[PDB]
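Given next are the chains, with one letter for each unit.
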Number of protein chains: 2
Amino acid sequence: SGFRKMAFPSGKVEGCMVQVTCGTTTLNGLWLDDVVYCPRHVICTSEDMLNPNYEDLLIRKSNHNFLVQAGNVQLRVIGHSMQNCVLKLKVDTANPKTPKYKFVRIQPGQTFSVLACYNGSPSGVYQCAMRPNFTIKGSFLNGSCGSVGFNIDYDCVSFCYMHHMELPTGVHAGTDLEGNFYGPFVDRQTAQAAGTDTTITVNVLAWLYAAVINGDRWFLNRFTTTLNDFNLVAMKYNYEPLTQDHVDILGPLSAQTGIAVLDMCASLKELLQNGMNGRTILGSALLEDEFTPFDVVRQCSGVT
Amino acid sequence: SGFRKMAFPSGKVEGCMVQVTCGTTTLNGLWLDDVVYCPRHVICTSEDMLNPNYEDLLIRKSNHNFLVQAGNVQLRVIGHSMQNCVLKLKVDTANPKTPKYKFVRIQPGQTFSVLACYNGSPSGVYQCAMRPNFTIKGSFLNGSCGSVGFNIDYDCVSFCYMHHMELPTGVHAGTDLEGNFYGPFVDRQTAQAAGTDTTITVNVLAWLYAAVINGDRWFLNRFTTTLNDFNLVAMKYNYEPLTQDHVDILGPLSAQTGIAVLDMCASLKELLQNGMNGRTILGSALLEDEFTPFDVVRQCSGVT
Ligand SMILES: *[C@]1(O)C(=O)Nc2c(C(=O)OC)cc(Br)cc21
Ligand SMILES: *[C@]1(O)C(=O)Nc2c(C(=O)OC)cc(Br)cc21
């Protein structure tokens, strides 16, 4: 029993973190095989970030200008290239700690773990979700750029995020491991505002199923609803519209608890309309939306 | 910016997890140097757990009955001993991945990370606090026993908790790495109820300082209070009494924000008396008490 915001074990990713310095800018890099992946703004001075022309800035850079340090040992850079908003630094040594890995571009609503790093050294690990407005609500200070987001399937690490920026509103933006930003964000020190941060409806329902499995059942009511009726309520409360695909993915949780998905939708509907009334669900006074149905199943079964 | 429930990077502890089987009971062990630490109830059948005499049960056990597996390789057990509620299995091979470590018995209010494991394999990592009633609110399924709680200082892992039991109320009890239970709990399948779960006042104040540092300031009021007046309010709301030691530890946060500790106590006092009124602080609708003043400073500075 017990339900926690759990991150994947970080060891496999800790063994990939390196420090990358270019001129006077230092950030984190991800060392996989003989390549180090890092944000391309490593080549910028804070002054260049106001309006950078990365291709032009990169012309003035040679392999020897990119200092890559893994622990206290220096890696030799033998090639460099820009792929979208990331730099790929070919080093002469393959990372002996390279795990089995994939690069995946996740969809909003999907969750992942972040290994926050400073100077190639890990500080902590926490669980995030790609918000529907393509930002993440992380915890990143200066020096954290290049810290990565990932998921793990048995022994394979699927890297999904690389940290690049903090918007003026304290929220975070970044790319997948191909250098493509999630959302409309650009690696530039300019006014970039996020869109509406809607609640990930499928995740709240999954978390309500986790609450039932763990004993919290006060919110279960005698009602049911339809997808269209539920969605009218979800629109009013800035919740993502629920689709039949979302219903299908909640199937195993519905089967385990014996509570039909549309009945849980009705419970969620009353929670939105009436509030918690000072009560809690899994030690939270708000509806948690950063557990996918897959995360609930994983945590409630014991997948390692 | 951004403030998250962050766990320490788990790699150093992942390299210590092993599986321990005795008869038909399998749980997790912690392999440090040439010793494997595990709950002594590994020698029990679920039937023995109703009323075990561990010394008597242990007489029927030899070194060869304790099967220790690290990954897919078997460790040879050359000695075994019972220290309080833990078994120490001397193996013939020192763990090559042993980090620098200490065994510490933490006080209630202190936080730590848990690497939840199943069959010697890590599933996830999350941040806990030793509650004032000596329980932890974890996430543990059958097979999770022997999973450990720890803190990290640069390269030294201070192991503080080993998971042993789930009380009938869904809360968790366990020992330090010397086998001494936190609280009055015993490793027996019997009715054990927890005491009052009070709120860790010093941690809530530290979290309010983290909120101010990260932009959430609506709860700051024009009032102040005294330790005695604040404590009258804290008693009513089942909050731990605040001492001058707690005030001293909040000193760096007070210095950084320019908000005197007693002024923050007055803000907390009004939050207790009036509630949040539907508002949030660091994305929470309740007062978080699982960040120590040390955790707030660590996260807000970038300690690796
Ligand atoms: C990341 O590269 C990082 O590590 N720091 C940083 C800053 C910074 O330090 O600003 C003063 C700014 C940006 Br746009 C990105 C990053
Ligand atoms: C831990 O040793 C564990 O891993 N499982 C377990 C059980 C259990 O499986 O009960 C059916 C019970 C206890 Br008291 C402790 C533990």
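What you see is numbering from 1 along each chain in written sequence order, possibly unlike the entry, with residues lacking coordinates removed. Working convention: letters from A go to chains and numbers from 1 go to ligands, in the order in which they are written. Only heavy atoms go into the side-chain values, all of them from the structure, while hydrogens and water stay out.

The PDB entry lists chain A under the name 3C-like proteinase, with Severe acute respiratory syndrome coronavirus 2 given as the organism. In the PDB, the structure is listed with the title "Group deposition SARS-CoV-2 main protease in complex with inhibitors from the COVID Moonshot -- Crystal Structure of SARS-CoV-2 main protease in complex with LOR-NOR-30067bb9-15 (Mpro-x11204)".

1. As for the overall build of chain A
Note the cut-off: A run of H or I in DSSP becomes a helix once it reaches four residues, and a run of E becomes a strand once it reaches two; helices and strands are each numbered from the N terminus. We take the radius of gyration over the C-alpha atoms and set the globule estimate at 2.2 Å times the residue count to the 0.38 power. In this scheme, a residue with accessible area under 20% of its type's maximum is buried, one over 50% is exposed, and one in between is partly exposed, where area comes from a 1.4 Å probe on protein chains only. Any two residues whose heavy atoms approach within 4.5 Å are treated as being in contact. Every accessible area reported is derived by Shrake-Rupley at a probe size of 1.4 Å, with residue values counting cover from the shown protein chains alone.
For chain A, the count of helices and strands is eight helices and 13 strands. Over its C-alpha trace chain A gives a radius of gyration of 21 Å, about what one expects of a compact globule, namely 19 Å for 304 residues. Taken over the C-alpha atoms alone, chain A extends approximately 70 × 40 × 30 Å along its principal axes. The burial tally for chain A puts 55% of its 304 residues in the buried class. Long-range pairs, those at least 24 residues apart, make up 64% of the contacts in chain A with a sequence separation of at least 6. Counting every atom, chain A has about 12,800 Å² of accessible surface; 48% of that belongs to carbon and sulfur.

2. Considering the site of ligand 2
Residue and element names in this part refer to chain B. Applied cut-off: Only heavy atoms are used to decide nearness, and a residue is near a molecule or strand if one of them lies within 4 Å of it. As used in this structure description, the phrase polar contact means that two N or O atoms lie within 3.5 Å; if the pair is within protein, one of them must be able to donate a hydrogen and the other to accept it, and residues adjacent in sequence are counted only when both atoms belong to side chains. Charged means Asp, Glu, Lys or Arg here, nonpolar means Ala, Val, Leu, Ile, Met, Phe, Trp, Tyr, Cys or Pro, and polar covers whatever is left, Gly included. Here the bounds of each domain stem from an automatic or database domain assignment.
Close to ligand 2 lie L27, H41, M49, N142, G143, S144, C145 and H164. At 3.3 Å from an oxygen atom of ligand 2 is found a side-chain nitrogen or oxygen belonging to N142. Between ligand 2 and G143 there is a distance of 2.8 Å, counted from an oxygen atom to a backbone nitrogen or oxygen. Burial of ligand 2 by the surrounding chains reaches 68%, relative to a free accessible area of 400 Å². Considering only residue class, the shell around ligand 2 consists of three nonpolar, five polar and no charged. Shared between two domains, the shell around ligand 2 holds at least three residues of each, these being domain 1 (1-14 + 100-197) and domain 2 (15-99).

3. Structural notes on the site of ligand 1
All names here are of chain A. Taken together, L27, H41, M49, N142, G143, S144, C145 and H164 make up the full set of residues adjacent to ligand 1. Side-chain polar atom of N142 to an oxygen atom of ligand 1: 3.3 Å apart, as the coordinates give it. Contact between ligand 1 and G143: an oxygen atom at 2.8 Å from a main-chain N or O atom of the residue. Starting from 400 Å² of accessible surface for ligand 1 in isolation, the protein chains cover 67%. Here the residues of the shell around ligand 1 are counted per class, giving three nonpolar, five polar and no charged.

4. Concerning the interface of chain A and chain B
The condition is simple: Once two parts are brought into contact, the accessible area they lose, counted with a 1.4 Å probe and summed over both, makes up the buried area. Put simply, a salt bridge is a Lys or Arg side-chain nitrogen that is within 4 Å of an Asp or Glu carboxyl oxygen.
Taken together, the contact pairs 42 residues of chain A with 42 residues of chain B. For the pair chain A and chain B, the summed buried surface comes to about 3,000 Å²; carbon and sulfur atoms form 55% of the total. On the chain A side of the contact with chain B, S1, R4 and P9 of chain A bury the most area, a combined 23% of that side's loss. Applying the counting rule to chain A against chain B returns two salt bridges. Of the charged contacts in the structure, one is a salt bridge between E290 of chain B and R4 of chain A, with a shortest N-O distance of 2.9 Å. Our enumeration of links across chain A and chain B arrives at 23 residue pairs in polar contact. Contributing elements (two or more residues each) for the side of chain A that touches chain B: α1 (11-14), β9 (111-118), β10 (121-129) and α8 (293-301) of chain A.

5. A closer look at the packing of helix α3 (residues 201-213) of chain A against α8 of chain A
Residue and element names in this part refer to chain A. What counts is decided by this rule: Lines fitted to C-alpha atoms define the axes here, with helix axes fitted over just the stretch in contact, and angles between the N-to-C directions of these axes take values from 0 to 180 degrees. Convention used here: angles under 35 degrees read as roughly parallel, angles over 145 as roughly antiparallel, angles from 65 to 115 as roughly perpendicular, and any remaining angle as oblique. Handedness of a crossing is defined here by the sense of rotation of the near helix relative to the far one, left-handed for an anticlockwise turn of less than a right angle and right-handed for a clockwise turn.
At their nearest, the axes of α3 and α8 sit 8 Å apart, and the two run at 20 degrees to each other. Viewed along their axes, α3 and α8 adopt a mutual orientation that is roughly parallel. Classified by chirality, the crossing of α8 by α3 is right-handed. Judged by residue contacts, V202, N203, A206, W207, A210 and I213 of α3 engage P293, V296 and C300 from α8. Counted by class, the contact of α3 with α8 contains eight nonpolar, one polar and no charged residues.

6. Section: the pattern of salt bridges
Within this structure, the stated rule accounts for 24 salt bridges over all chains. Its salt-bridge partner being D92 of chain B, residue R76 of chain B comes within 3.7 Å of it at the nearest N-O pair. Of this pair, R76 of chain B sits in the loop between β5 (73-75) and β6 (77-83) while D92 of chain B sits in the loop between β7 (86-91) and β8 (100-103); the two residues are 16 residues apart in sequence, bridging distant segments of the chain. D197 of chain B is paired through a salt bridge with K137 of chain B; the nearest N and O atoms lie 2.7 Å apart. Placement of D197 of chain B in the loop between β13 (172-175) and α3 (201-213) and of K137 of chain B in the loop between β10 (121-129) and β11 (148-153) is noted, with a sequence separation of 60 residues between them. Residue classification places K137 of chain B among the partly exposed positions, given a relative accessible area of 36%. Among the charged side chains, a network of salt bridges with common partners joins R4 of chain A together with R131, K137, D197, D289 and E290 of chain B.

7. Describing unusual backbone geometry
All names here are of chain B. Unlike most non-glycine residues, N119 shows phi in positive territory, near 55 degrees. Within the element layout of this structure, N119 appears in the loop between β9 (111-118) and β10. The backbone phi angle of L282 is positive, close to 55 degrees, even though this residue is not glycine. Position of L282 relative to the elements: it lies in the loop between α7 (261-274) and α8 (293-301).

8. Let's talk about the domain arrangement of chain A
When its domains are assigned, chain A resolves into domain 1 (1-14 + 100-197), domain 2 (15-99) and domain 3 (198-301). On a C-alpha basis, the centroid separation for the pair domain 2 of chain A and domain 3 of chain A is 43 Å.

9. Brief notes about the packing of helix α4 (residues 227-236) of chain A against helix α7 (residues 261-274) of chain A
All names here are of chain A. The N-to-C vectors of α4 and α7 enclose an angle of 25 degrees; their axes lie 10 Å apart at closest approach. Regarding the angle of α4 to α7, the classification is roughly parallel. The handedness of the crossing between α4 and α7 is left-handed. Counting all contacts with α4, which are made through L227, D229, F230 and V233, the residues of α7 involved are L262, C265, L268, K269, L272 and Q273. Partitioned by chemical class, the residues of the contact of α4 with α7 number seven nonpolar, one polar and two charged.

10. Observations regarding the sheet that holds strand β3 (residues 35-39) of chain A
All names here are of chain A. To keep it simple, the criterion reads: The rule for pairing is simple: two strands pair if DSSP sees at least two bridges between them.
Strand order in the open sheet formed by seven strands is β5-β4-β1-β2-β3-β7-β6, with antiparallel pairing between adjacent strands. Two strands in the sheet have a free side with no partner beyond their single neighbour: β5 (73-75) and β6 (77-83). Taken pair by pair, the neighbouring strands of this sheet meet at an average axis angle of 30 degrees, ignoring direction. For strand β4 (residues 66-70) and β5, the ladder comprises three bridges, and the chain directions are antiparallel. When the sheet's bridge partners are listed, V68 is paired in β5 with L75.

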